[PDB]
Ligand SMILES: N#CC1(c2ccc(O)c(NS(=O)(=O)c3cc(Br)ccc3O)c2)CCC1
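Below you'll find only one chain, the form deposited without the ligand, shown as structure tokens.
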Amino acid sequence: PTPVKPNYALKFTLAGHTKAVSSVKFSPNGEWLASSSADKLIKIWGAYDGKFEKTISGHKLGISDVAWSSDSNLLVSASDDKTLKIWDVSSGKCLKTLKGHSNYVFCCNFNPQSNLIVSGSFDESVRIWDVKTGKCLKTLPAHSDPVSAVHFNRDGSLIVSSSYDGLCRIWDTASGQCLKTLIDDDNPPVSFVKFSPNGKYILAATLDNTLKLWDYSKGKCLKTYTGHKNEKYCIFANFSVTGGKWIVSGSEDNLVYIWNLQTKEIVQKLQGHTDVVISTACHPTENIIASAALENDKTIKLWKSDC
């Protein structure tokens, strides 16, 4: 049963957004895909049949990122309007507007407990917010250039952030202190970071066509994934764990790349988008990928593999 390669095949193309898509994310309960776009809208789609479910509106400018709560009932979105918004998915209503960043909000996530939201912004700060009250609990002077990604680890006790300043930092959620600064070589911009599913590693993209897997604690690079194009955009990357253990990323050559996590060999390339694939997401229980593309494409594609 150990796989050798996936066989992702296109099942659905989801059109509706009227500007570039920025981020796609599967709900933790597997039922839904949420997408955000430069068109200022969130759209919710059925994860299994591509069925359009609803549009969620209210931001005054484009959205760069969206993230789900652990129970699949809330979304948080990060917008160029300098705010985040917390949304009730069932109703589509804005429950809270998280005000405090002084420039575009670029990235966001809930902690696993989903009592906190973390955000990163072009204002070069990382902010930690109380879900219940909408209060900003902490502002971290995390970076000296825009923050490209923020992510909680599996127990919520750590946050990893990345920035165009070239750093990846690991923060103690409770205290706000930097536990560790991952710095490497001439330090190109770090355009994306997230924790591995088990919390021991950090997957980081740099704007030199490189993904790297790092043991944060040991400060050592374990794996490097190359062969794609990423020199401009903050492209999401994923750990695929439902079948074969893959790394997934979009690319500026309009393809989805899939690598063997262990061997670093490319195991599949998905063709079909007609612009930069800015975002990919991996379904939490099924071998399903979502991909989304920029202005000349504006579609979301759903792909299925047997492994």
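All residue numbers refer to positions in the sequence shown, first residue = 1.
If you look for the form deposited with the ligand bound, you will not find it shown, but the lines that follow are about it.
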> Taking the ligand in the deposited complex as the reference, which of 198, 133, 175, 181 has a non-hydrogen atom within 4.5 Å?
Replying inline: 198
> Which residue, 86, 213, 140, 89, has a heavy atom that falls within 4.5 Å of the ligand in the deposited complex?
Replying inline: 213
> Can you pick the stretch from 68 to 76, 222 to 230, 110 to 118, 91 to 99 whose heavy atoms fall within 4.5 Å of the ligand in the deposited complex?
Replying inline: 222 to 230
> Wondering, does residue 271 line up within 4.5 Å of the ligand in the deposited complex on heavy atoms?
Replying inline: no
>> Contact with the ligand in the deposited complex for residue 246, defined as at least one heavy atom pair within 4.5 Å: yes or no?
In response: yes
> Does any heavy atom of residue 266 come within 4.5 Å of a heavy atom of the ligand in the deposited complex?
Replying inline: no
> With the partner left out of view, is residue 47 within 4.5 angstroms of the ligand in the deposited complex by any non-hydrogen atom?
Replying inline: no
>> For the stretch 256 to 274, I need every residue with any heavy atom inside 4.5 Å of the ligand in the deposited complex, listed N to C.
In response: 261, 262
